[PDB]
Amino acid sequence: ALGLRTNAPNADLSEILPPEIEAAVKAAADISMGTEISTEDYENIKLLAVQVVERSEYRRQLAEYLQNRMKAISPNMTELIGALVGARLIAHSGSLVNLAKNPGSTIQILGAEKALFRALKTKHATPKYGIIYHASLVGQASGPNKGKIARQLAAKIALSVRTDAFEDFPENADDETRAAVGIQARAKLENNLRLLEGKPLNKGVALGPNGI
Amino acid sequence: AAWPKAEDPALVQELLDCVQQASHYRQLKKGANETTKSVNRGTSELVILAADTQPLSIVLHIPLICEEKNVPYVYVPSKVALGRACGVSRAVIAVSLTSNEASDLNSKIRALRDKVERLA
Amino acid sequence: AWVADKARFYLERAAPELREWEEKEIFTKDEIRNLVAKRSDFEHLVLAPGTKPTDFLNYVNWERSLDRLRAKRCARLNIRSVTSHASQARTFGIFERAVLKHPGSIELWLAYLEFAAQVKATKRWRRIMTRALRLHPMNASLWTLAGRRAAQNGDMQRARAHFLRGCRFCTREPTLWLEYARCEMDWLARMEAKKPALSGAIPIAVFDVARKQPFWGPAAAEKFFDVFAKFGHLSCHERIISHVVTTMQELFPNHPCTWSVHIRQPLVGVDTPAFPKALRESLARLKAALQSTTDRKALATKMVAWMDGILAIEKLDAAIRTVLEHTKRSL
Amino acid sequence: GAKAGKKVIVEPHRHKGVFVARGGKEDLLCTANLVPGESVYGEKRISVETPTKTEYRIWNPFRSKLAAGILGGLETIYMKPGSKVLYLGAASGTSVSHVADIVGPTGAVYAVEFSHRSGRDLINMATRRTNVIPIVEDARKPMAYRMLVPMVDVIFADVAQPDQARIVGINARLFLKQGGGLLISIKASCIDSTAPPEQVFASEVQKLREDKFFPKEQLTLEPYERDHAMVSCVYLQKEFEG
Amino acid sequence: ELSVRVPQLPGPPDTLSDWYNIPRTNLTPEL
Amino acid sequence: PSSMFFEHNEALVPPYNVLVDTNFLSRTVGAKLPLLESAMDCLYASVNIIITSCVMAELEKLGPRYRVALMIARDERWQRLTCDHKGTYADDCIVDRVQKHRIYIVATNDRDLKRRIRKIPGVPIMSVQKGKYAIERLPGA
Amino acid sequence: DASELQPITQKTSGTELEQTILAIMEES
Amino acid sequence: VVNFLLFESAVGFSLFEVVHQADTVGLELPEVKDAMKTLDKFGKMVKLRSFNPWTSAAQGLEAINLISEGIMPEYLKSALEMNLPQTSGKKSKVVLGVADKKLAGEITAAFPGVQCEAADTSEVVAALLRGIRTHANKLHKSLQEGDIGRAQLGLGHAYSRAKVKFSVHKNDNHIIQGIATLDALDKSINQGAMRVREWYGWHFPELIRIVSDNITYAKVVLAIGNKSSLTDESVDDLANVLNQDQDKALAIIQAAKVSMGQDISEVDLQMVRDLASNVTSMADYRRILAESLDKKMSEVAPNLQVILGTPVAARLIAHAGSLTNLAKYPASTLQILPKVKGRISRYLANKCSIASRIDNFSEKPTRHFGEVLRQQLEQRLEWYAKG
RNA sequence: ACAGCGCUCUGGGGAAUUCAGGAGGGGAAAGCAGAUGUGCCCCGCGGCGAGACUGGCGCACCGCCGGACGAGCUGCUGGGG
Ligand SMILES: [Zn+2]
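Residue numbers (the authors' numbering), protein chains in the order written: chain CD, 213 to 424; chain CF, 7 to 126; chain UF, 2 to 196, 272 to 347, 350 to 409; chain CA, 64 to 114, 123 to 313; chain CT, 68 to 77, 82 to 102; chain UX, 41 to 181; chain UN, 353 to 380; chain CC, 3 to 339, 372 to 421.
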């Protein structure tokens, strides 16, 4: 949008980013020290900016397509963790029926396999989670409740993937009843998360000023 | 383009006589690439550059390395005379004459680079 | 920080005025203890290391309100022996160490000039104005304040001194040049109303030197004309306006500002049968301007702004008013 | 030699901002790269991926008299990170990049070069590094850049001139703080080509003392350059800072 | 505009401030 | 230091820098002996002959009996090395100067300073021996 | 006295503006 | 005895008025040096009288290029007319203190009543301006808008570039970063084309066997729609895609008639055609970069362009780092960057070093020396065949 | 372990916390060298200063140095109204 630095007081920039951010760009365009370039090279710079903005628009619509296809394939797991982490799990396992043959302890540490097998072969302590860490529901916890919620979420993911890969439906089945196991598991798991977070701290003896 | 140009009154011929003396003493590197490698290896004491060169950019690229390493450089006005003074049977456009810990040529080198530092 | 030992002097200086106020019946002893505590807190805030012009202005406002309160109370209790001179002296002291500490704050400089002008100190005002102009020479507001107050006093040579040094400095923006032409033509109007000056060649000279400045745009020359078009009741006003129009026509031929001065030229000193005659002349110029080859959106925005300025006045005919609306709406 | 791909470890030096990277058969000297991922003059640089943006650049002692002096063992080099350095004799900006990498982003290096094509190389490397400003002017006339140079803390002086002590004297009279550090690199064959180098160094130290410096250290940086000395001195005091 | 603060109250240095933050040695057996 | 090959100072080549002590200066005025002429006749080379401000200070601190030796020292054609230290003690000034730079020939006559400067490698000692001067540890002479 | 800003004369006139204004006021 | 003193800095020039002037006999004294160190005992000496900032960086550039050359500027004469008391030196003078002797002579010649003392000659005004340069950040901070560091930085860059004429013959950054872009997006074009080739041959597997040139593959999967809707020469496209009537379109359509791949959905076809539009947009940008980089190479270094060819020549420039580094390297370093092959390699390295230094050290270079050296390489290519 | 050496002894370590000191870095206009209300007028002293004179010197001859009048403007914490 902003052309060269000479076109800076006549530029319009509020459509892409609001002011209190992009008045400093006009101030720095007035006070900067970059060398002058011709417009015949600014064609190449503007055209590479065209290229990277088009790549970003295509990546955004690819993310929307991945979300729609994940809600088509596996509605339970998409209701549990979301389309991106579900797609990562499908990617590492190879396919949906190949993810469904995995135990919940496997689905907990998919992706952390290097640290896992290093620890198992050197008698260290194994990693607590894998791809599951960048889901939504394990990111709200903090402390050891993170690992506890990772275990419980991986077990519910195993149940939901087995349901979404083996259960039949009458084909006039709404998505709200096709994602029923995911809805129930997410509600129960959020209740267990808020119990684990609302566990109170240890009581102590409240002492006065004397020590009595 | 060649601002430390040597002038006529018995400085060009003092330069070329010291060049011939060092070429007899085997303490002299001939040609642009050998002058460049001698300056970059730092053994150079003074460097003579021709100014009658077809396009002058060669003996313009040498003074940058000479100014970065801080060695004196000076232009003589004839590459044919520089080749005749070296004893080459070819025209030489760049001559760098090095340093040794024990010689009697180094007195001529020192007086010559004093005159060149006064020329700059 | 030796601030306690530094503020001891100002409190010991303000003490005998409080002794006079206590030996008169004007302030009681508890109120004088309150004045002592408030001036002490103000002095230890003022002479602190990390201070501010708003802190200096709060102290100035408190001392000046104390002088006003004591004036009201002295007039109510019918005393004439108590004078305001010590309060004005200590307020000048606050302001002098204020402009010593923060010389780069024009709010405090202008508050100092307002105080010195308000308590009748003209020579002190001129000295403060000289120091403020030396510290902020690029400030068109300070330069116009100096020149306009010297013209209001009537020392036109001193007003020209301030204005010509100001136009020597402030050459980025047209503002001080427009104000100097305004002050010179106001002097011309004063020379007319008292009844060289007969020619009135000084705004033409201002225009001829302003032709080569770094602000010299057609919008700047239109600002010159919009300054000149006020107070047309003069002698050489048609000469000045015609020179501005022929300068803009010879330099910027097809600019919408030049077409705007071609529109609004013949309405100089009109208010009345000469009003709609020149209006019909100007509307002929305007219709030729609208049909002519110029940036019509820019010229139309200029004309709807001038037509809001036209519509701001009463006492006209409804047919003229509705044809201004009809010519406005399709722009 | 010190081949590309060898693993080295990077420990801090005794000086501030300088590091020594040791490994295997060769220990070398380095400074933290200000602009990472690009070399100035095609030097070997050291990448460490911290548990990316961190890179160190190797400091050639045969190319730069400051690194020659640091490997010789100066007691101090006066340039901590965040200290202003006036570099005199900034020919093409090779060692000025390492001085700017020492003083970091919060310092400043005022690099004075006289020749113009060396000025082009200096303006290129100072386009890369935003804390070195380039000044193409003659160092013999410091009235030219008195608008540009504020009162610096360290002066480096690598000019090869016979009037070197007078040049540094007037530049330090104009732009050096009370108790100001400087390092001057004296080349005896350019000061006095006839006289022995130890006598040349003593004469230059005496000329600095007449031009109001107090010399505190001197080393002949011998395994890297012949007949060169580096003299460290403090301007107008005996201690460095205060 | 002006918000409630987050109260964040609950030896040798980790990174050297003068040497551009070299991290302390993770003394692994390979090191 | 550079130019030192195993207690052989290669830094001293003519013109010889010769530091003068107060004992040497008082005795070379007492022996009716011209200072620069006898130093040049001893070394067969051009000397430049320097006197520190500690040496001038001790010559001034001695009374007005030594006014002739003071004027002889205060001859204008000689270099005056100003010293930046406190005590004005000529022996420690000369030894610190020589230990730092070591280009000088120390001209003394007291055996205490002579034994003090014999410990350090490569400085000659010039002393007056009742007919002329005598240089001690200079190899070229 | 550098207390105030004195009126300009032909000696302390710098620019073409002050020269032309002083010429007009001299012809007045 | 000083009355006022000028002090010029990168933000502007300010003149201070001294009160309680400095002792001139005890200038080398430790107590007076400590007074010049401490701001609490030097601000008693100086009081800021006037300040004049620049209007713009152009005025600051004109200010340095007048002051360093010696000549005073008109606005410095203006501010001195404003601040100094107007005198002529017959019965009372004003002592001003300035840093430079030529500026002193000119201010004294412009104002006859002002006697100027230069800092290069007078030690009192030297120490006093030295103290002001020491404490110059705090003496101005009440009216110092921003800082002085970035002002000095940008002003030193502007002064050095105006002295050197840097931008008119420094041009190589566009070339080296254009090479970086060209290689990066050539790799990205090939990778995206391989991805769309696999992910569309899953649907229609005859297109990989029958069609190469993956950019034309991306074009035909942009224009083909689905497998079901094929016709040969419908509108505007295939005649200038390739051969039209008797060679290719029939074969693609009989491949569609005998085709057996999986049926694709509408949204999946939408995503594949979006990826193909992405790939062909990057290919169009590659050809725009190649044309513009050939023109920029012919503007910057034409001799290297004609002796090597612009891709490999600009690769060599980018690997060397700059044209100045490429010219400073000798020919053996340019070799670093049977027998006849190595002999021609050494000869080419010699002539490429000569072409690099010729194309670099010119102001606006030429063509014919590279033409001569390319003719020399061509006649050597003829010379090695006789043997 | 023996023999030897060093440091130290209301034995020796670690933590929390209270008080008494020391060294260094950074930040701060960080500025009480003589602290007297304003305005006008008169006096005295002093500065700019337009203009008008005058004396002597001037063998590179091209120019110097010095007196005393002064319209107008202006400063004073010098003192008085
Ligand atoms: Zn001494």
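Ideal placement from N, C-alpha and C gives every residue a C-beta, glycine not left out.
Spatial distance of residue i from residue j (CA atoms)
{"i": "residue 91 of chain CA", "j": "residue 129 of chain CA", "result": "7 angstroms"}
{"i": "residue 310 of chain CC", "j": "residue 98 of chain CF", "result": "27 angstroms"}
{"i": "residue 85 of chain UF", "j": "residue 37 of chain UF", "result": "18 angstroms"}
{"i": "residue 416 of chain CC", "j": "residue 409 of chain CC", "result": "10 angstroms"}
{"i": "residue 11 of chain UF", "j": "residue 44 of chain UF", "result": "8 angstroms"}
{"i": "residue 320 of chain CC", "j": "residue 101 of chain CA", "result": "12 angstroms"}
{"i": "residue 94 of chain CC", "j": "residue 6 of chain CC", "result": "15 angstroms"}
{"i": "residue 100 of chain CT", "j": "residue 345 of chain CD", "result": "29 angstroms"}
{"i": "residue 120 of chain CF", "j": "residue 281 of chain CA", "result": "25 angstroms"}
Test item: CB-CB of residue i and residue j under 9 angstroms
{"i": "residue 122 of chain CC", "j": "residue 214 of chain CA", "result": "yes"}
{"i": "residue 166 of chain UF", "j": "residue 83 of chain CC", "result": "yes"}
{"i": "residue 39 of chain CF", "j": "residue 334 of chain CC", "result": "yes"}
{"i": "residue 192 of chain CA", "j": "residue 154 of chain CA", "result": "no"}
{"i": "residue 105 of chain UF", "j": "residue 307 of chain CC", "result": "no"}
{"i": "residue 272 of chain CA", "j": "residue 239 of chain CA", "result": "no"}
{"i": "residue 343 of chain CD", "j": "residue 300 of chain CD", "result": "yes"}
{"i": "residue 248 of chain CA", "j": "residue 299 of chain CA", "result": "no"}
{"i": "residue 414 of chain CC", "j": "residue 381 of chain CC", "result": "yes"}
{"i": "residue 55 of chain UX", "j": "residue 86 of chain UX", "result": "yes"}
{"i": "residue 325 of chain CC", "j": "residue 185 of chain CC", "result": "no"}
{"i": "residue 142 of chain UX", "j": "residue 51 of chain UX", "result": "yes"}
{"i": "residue 210 of chain CA", "j": "residue 183 of chain CA", "result": "yes"}
Which of helix, strand or coil DSSP assigns to residue i
{"i": "residue 400 of chain UF", "result": "helix"}
{"i": "residue 299 of chain CA", "result": "strand"}
{"i": "residue 18 of chain CC", "result": "strand"}
{"i": "residue 409 of chain CD", "result": "helix"}
{"i": "residue 51 of chain CC", "result": "strand"}
{"i": "residue 245 of chain CD", "result": "coil"}
{"i": "residue 116 of chain CF", "result": "helix"}
Chain-ordered chain CC contacts of residue i [CB-CB under 7 angstroms]
{"i": "residue 70 of chain CF", "result": "330"}
Under 7 angstroms from the C-beta of residue i: neighbouring residues of chain CA
{"i": "residue 39 of chain CC", "result": "249"}
Contact set between residue i and chain CA, taken where Cβ atoms lie within less than 9 angstroms
{"i": "residue 138 of chain CC", "result": "221, 222"}
Contact list for residue i against chain CA, beta-carbon separation under 8 angstroms
{"i": "residue 327 of chain CC", "result": "104, 105"}
Problem - Contact list for the segment 45-64 of chain CC against chain UF, Cβ threshold 9 angstroms - result: Listed by position along the chain: 49, 50, 51, 52, 53, 54, 55, 57, 58.
Handout entry: Cβ-based contacts, 8 angstroms cut-off: residues of the segment 142-168 of chain CC near chain CA
Key = Against chain CA - using a Cβ distance shorter than 8 angstroms - the residues of the segment 142-168 of chain CC are 150, 151, 154, 155, 157, 158, 159, 161, 162, 163, 165, 166, 168.
Handout entry: chain UN contacts from the segment 301-329 of chain UF (Cβ-Cβ distance under 8 angstroms)
Key = So the list is empty, because no residue satisfies the distance condition.
Exercise for the section: Return the residues of the segment 80-98 of chain CC that lie within a Cβ-Cβ distance of less than 9 angstroms from chain UF, sorted by chain order. Expected result: Taking 9 angstroms as the Cβ-Cβ cut-off against chain UF, the residues of the segment 80-98 of chain CC that qualify are 80, 81, 83, 84, 85.
Exercise for the section: Check each residue of the segment 102-125 of chain UF: if its Cβ is closer than 9 angstroms to any Cβ of chain CC, include it; give the result in chain order. Expected result: So the close ones are 102, 103, 104, 105, 106.
Exercise for the section: Mind checking the segment 144-174 of chain UF against chain CC and listing, in chain order, the residues whose C-beta falls within less than 8 angstroms of any C-beta there? Expected result: Residues passing the 8 angstroms Cβ filter: 166, 169, 170, 172, 173.
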